[PDB]
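Here the chain labels run A, B, C, D, E, F, G, H, I, J, K, L, M and N in written order, and each chain numbers its own residues starting at 1.
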Amino acid sequence: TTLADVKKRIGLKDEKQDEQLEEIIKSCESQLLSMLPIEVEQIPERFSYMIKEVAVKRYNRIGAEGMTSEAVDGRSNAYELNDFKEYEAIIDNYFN
Amino acid sequence: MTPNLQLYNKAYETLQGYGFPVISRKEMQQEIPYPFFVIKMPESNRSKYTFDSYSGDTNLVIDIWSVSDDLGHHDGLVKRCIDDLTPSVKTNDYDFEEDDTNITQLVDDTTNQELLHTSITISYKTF
Amino acid sequence: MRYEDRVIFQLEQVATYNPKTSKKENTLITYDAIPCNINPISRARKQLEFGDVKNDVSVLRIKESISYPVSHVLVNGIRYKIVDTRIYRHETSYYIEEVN
Amino acid sequence: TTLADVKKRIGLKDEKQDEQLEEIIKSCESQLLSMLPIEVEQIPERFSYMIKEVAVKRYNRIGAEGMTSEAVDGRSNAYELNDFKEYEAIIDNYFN
Amino acid sequence: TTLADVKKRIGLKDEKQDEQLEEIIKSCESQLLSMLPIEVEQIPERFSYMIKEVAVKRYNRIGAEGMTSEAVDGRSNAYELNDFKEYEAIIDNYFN
Amino acid sequence: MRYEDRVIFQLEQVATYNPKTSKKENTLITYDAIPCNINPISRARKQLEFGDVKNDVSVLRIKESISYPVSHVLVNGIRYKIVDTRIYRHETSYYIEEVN
Amino acid sequence: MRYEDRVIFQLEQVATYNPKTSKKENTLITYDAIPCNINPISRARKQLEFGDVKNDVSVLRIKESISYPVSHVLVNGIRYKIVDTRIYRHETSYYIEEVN
Amino acid sequence: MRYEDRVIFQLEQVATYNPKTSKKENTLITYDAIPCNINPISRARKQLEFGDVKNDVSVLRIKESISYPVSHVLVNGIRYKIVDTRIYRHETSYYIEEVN
Amino acid sequence: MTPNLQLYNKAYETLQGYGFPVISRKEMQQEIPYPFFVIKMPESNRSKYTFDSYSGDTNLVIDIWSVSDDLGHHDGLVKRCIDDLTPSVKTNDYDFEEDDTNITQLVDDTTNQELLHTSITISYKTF
Amino acid sequence: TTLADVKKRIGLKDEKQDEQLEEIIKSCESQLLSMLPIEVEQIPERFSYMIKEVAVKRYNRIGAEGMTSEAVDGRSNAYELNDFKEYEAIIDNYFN
Amino acid sequence: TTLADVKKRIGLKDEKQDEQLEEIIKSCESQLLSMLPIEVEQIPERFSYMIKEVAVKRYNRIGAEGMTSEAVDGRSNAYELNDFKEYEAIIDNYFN
Amino acid sequence: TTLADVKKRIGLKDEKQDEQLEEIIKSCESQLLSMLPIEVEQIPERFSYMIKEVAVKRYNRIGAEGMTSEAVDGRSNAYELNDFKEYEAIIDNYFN
Amino acid sequence: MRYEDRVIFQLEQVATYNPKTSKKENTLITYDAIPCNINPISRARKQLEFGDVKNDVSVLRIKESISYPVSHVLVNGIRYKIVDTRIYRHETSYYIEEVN
Amino acid sequence: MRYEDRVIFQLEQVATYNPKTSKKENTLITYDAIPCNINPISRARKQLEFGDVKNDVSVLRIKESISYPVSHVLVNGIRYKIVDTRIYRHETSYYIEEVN
């Protein structure tokens, strides 16, 4: 994806976090490209949105990558078990 | 010494002779039978009184704790204190003369036991 | 409940003040020891006008109930005043505080 | 869908969140078009409401896209496990 | 990986934790190279992001490497049961 | 319980005031060190009439019980006054506060 | 714990009052920055005799422990006084309050 | 969080007292409205020296953070003073109380 | 300077010479052995007194903390203060004359230790 | 392993605990060498990192060896059930 | 084992608990030698660390040998269900 | 066993409880001798430690023999379901 | 609820003060006994100006409701003042305190 | 919610004091009854300067919201002052206290 479309969804209008988001996006693209069939050299444009969706999931999880829950003084998060779980089924069903 | 410590030592030398325990404060590991005396360090005002001396008002408080089973005896301790500490006390540097003495008593239930608490205040003019 | 410990109940019976002799000598009635259950001993700092003392605030439990008037208990060699007594169907429970 | 039909349901009456809602709607359309069979080129109008409904679910979930639970100073939200879950039973039942 | 690519994602901008991150990264590379088949001599670049992602998980988990839950003066963390769990499904699916 | 730390018990034995010399010099009895378990050290601000001090309010635990009278403990190089002692069947637990 | 933030410790070393010059000028020792973990910033109303101020009462955490004396910290550009420090086996935790 | 409601931030900028005209006229800076999330409106009795008033003590939440100084908010047609602001990584949370 | 700071500096110059620590307030990182002196900034009233001068009443408090193990020594500090600060104190701009001095002592258990706290108040008329 | 590499990961720059860490490492090496096939006289260098990882787990568990949870006055730990559980699978898969 | 090797790990530096640790170690040796086959006369040095590790578990558990959970004035411990549980999988796997 | 070795493990240096411990030990010996095969007139010295271990378990459970949990004012115990459960397996495996 | 115990309700009807005879003699209306449910008896120390008394603060429950005015109850031989009454759909619940 | 009970809202409209007649006679606006839900009736002792009264502190709930100003409610034949009103999206909740 562009950075700017992940940026637009999360409403983030400054530039203070582009160094992190560019690494997150580079990570999501690499992982999705790992989930495709071994032959497939390019992410299908049909799936180009998954990179953006997971990048937003990961943006929210900054500081809780390995943690199932996180709390302090009445701010608390609990996180789902696998960012791509919704999409493992779709990627499967498309190639099978 | 100040008049405070001089008087406080004379009041200890006195009350410590009766055979009941005398203390300034009770510590936690220290077992004290009833009756007992608490004695508190005097206050002292001072001011110029003649072209040749100060004079002032020195306040003594002694404080008598007993079980209420026998009040005639507790009152015997009160009267014994007053009769030994008045009308005058005399020591190395200082003289003391009773200006007034105030006796007040309370019935105290703070300790799950009915105690008698007498507070004896003696005001000494001092020279 | 394990009712292992033995408690001695007492009634300290309050006399009238005699103004001719300045005495109000109470008398203690004291009863046969009863099987009871009691909390572990505390020895807290309590901070009275004259200074520190080792207090003990506690609860004691007995099966069914006792016919007779009481006011203090002696157990573990400590004497307590009863400060509440709470009367269940098959059990009686006494809140107690050390004297001194 | 139009943006306006989502906008009407969530009760919005100004322009201040359009760039987020546009990207949310564009993501919902891409996802639903991933769930249909490979020969399907467009979401059939029979299913067009799904894009609206999930765009509202995502509008509420904004700032919690990976999270099972979210507490912030006495306000606490807990989130459904999959946005399209009800509709998997309709989509599959329609093509098969 | 480089250290710098992990460093960028966790938002670090100084040198004060390099000797820990170096050993964390060196451990992640050794572990992932333990999970591949015996004939494999190097992690293929297709999987290189895993070393980064787990190095971030481990960076957060530092001081809790054996612990399910960790509370310290009102801050409470709870940790995922296995750092490589998502990737076992990719690694196995790729070689087999 | 892990009983790792070593505590030195003390009794500060209260002397009578001597009005001829204006002294009431106490004496410390001090005992052989015992294996104990203790809470992590705090160093709280406590705010006395003369100003701030670093206080430590804590609990210390020992297996079974000790034959002898005590009043203070020294552990971790800090001296504490015992302010409660709580006597379970197989264990004794002391509430302690730093002096100063 | 994620130890992301960097804290600068300080000791403000208290000087003797000099009655000839009417000064008691303290001196600050200041240390190299340490990796720490800290609560989110608050900016509460605190209501002093002269009026409102933006206070911040907080906790800061560091792995193992530091060799050296400290009294204040500077982090996030706010200076705090340490008001408790709590010493666990492998971790140290400081309760801190902003000055002003 | 659903960020449905729109808040107007304000800074009431405190002027110096002018003793020649006996005025200290402040000035309000007022900003463009921001999407926020806010608790349901209360209208509690608050009981001042002059009598009862309808108070509202509340919390307001916004995504990420704002570049600019603020002191009051206007939302739902009620004006509030900010009395705490609490700064999380991706979110800011303001404790607010109505004026009057 | 005010009479407050002039007197406060003279009282520091005095008490700081005895070899025990002297402080206005104790800070948390500062270790103070017993015994020690706390000294508190004077209060001062002022009013017109002659067609040519003011005069007024300036109040000094100095405050002595010790463990209660030896009261004769603590009283030695009290008497040493009073004998150095009375009957008169003289400084660059101001004169001070004792109107009265008040000594009060408490036994203090706030610190899990039995301390002695003496508060010495001296009222100076000033000219 | 060296001691110094376990030491570097846990960031421990003094020498106050080398007597404990040398026993912990000697323990982890012996246990891993117990998990290998009976013939195998030496720990494969492919697995040399497990000794370090478990030594860090054990370093954190000092004072809670037999305990599944541990708490006092707002410091609390909860511990995982077996230090080598992640690695029992890897050691198996390598020899089978 | 020696007593000194257990003593080093638990960080002890004095004599005040030797008579307990001696009996704990003597019990651990007797138990482990009960778990080996009947023909085995001595614990093989390959397993010698188990006696140390369980002696440390038992040192922590002292005063709670039958108890699942133990609270005493704000300090709370909870204990693993069986001290030798990890090692049953090693012992059995080695002889069989 | 002797009494003195149970006494040494539990660190109990006085004589105030020998009347109870002698009954506890007499009980543990009788129970273990009940668990052996019917022919076996003597407890094997291989198992002589179980008597000591269970006697310590029972010493801790004094006042909670029939109770799974016990609490008062911040002292609390919870107890395991059967003192000999760890050893039923060992006694079985030795005779079979 | 088991409604085993029997309660007697009362109304103490407040008379006007008669200044010619210096009396304000009340009169008690007293009702037929009703089946109720009540907490176990307490006998707490309450500490009045003149000294200790054995107080009992309690709750009493009855099915549906009563037609008639009430103010006190007598049950277990203790007389109580009603201090709250709480009226559910099919049940009435009275908070009661002993007099004396 | 079951909205069974019927509430009458009121506004007591505060008049200006008339110093020529020494009166400030208010006037009550009173509205048509609305379906509501309300807590069970209490009749607590409240202890005023002149003596005991039977108070009732309660909460009342209505679906959506009302167009019009209110200040008191009459329900179950008791008149209450509204002391908080709390405005949820589809529901309004009033905290109410009896007058007298």
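A few notes on this one:
Heads up, the rule we're going with is that a residue touches a chain if its C-beta (ideal position, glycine included) is under 8 Å from a C-beta of that chain, and two chains touch if they have at least 3 such contacts.
Touching subunit B and subunit L at once are the following chains: C, F. Common neighbours of subunit B and subunit J, listed by label, are F. Of the pairs listed in A-G, G-J or D-H, the one whose interface repeats that of E-G, with over half of its contact pairs matching by residue number, is D-H. The interface with the greater count of contacting C-beta pairs, when B-F is set against D-H, is D-H. Overlaying subunit F onto subunit G using CA atoms gives a rotation of 60 degrees, to the nearest 5.
Taking the mean of the C-alpha atoms as each chain's centre, subunit A and subunit C sit 70 Å apart. Taking each chain's centre as the average of its CA atoms, subunit G and subunit L sit 54 Å apart. With centres defined as mean CA coordinates, subunit J is found 38 Å away from subunit F. Rounded to whole angstrom units, the spacing between the C-alpha centres of subunit I and subunit K is 66.
Residue positions of subunit D with contacts to 2 or more other chains are 63-64, 70, 72-74. In subunit G, the residues that touch at least two other chains are 2, 4, 39-40, 63, 86, 88-90.
Residue positions 23, 27-28, 68, 71-72, 75, 109 of subunit I are each in touch with at least two other chains.
Across the complex, subunit E meets subunit G through its residues 10-12, 14, 16-17, 59-60, 62-64, 70, 72-75, 77.
The touching residues of subunit F, when paired with subunit G in their complex, are 40-45. Here subunit H touches subunit A in the complex through residues 63-64, 88-90, going by the rule given at the top. On the side of subunit I, the complex with subunit G involves touching residues 1, 5, 8-10, 12-13, 16, 22-24, 27-30. Against subunit E, the residues of subunit J that register as touching in their complex are 5, 8-9, 11, 46-49, 52-53, 56-58, 60-61, 71, 74-80, 83, 86, 90, 93-94.
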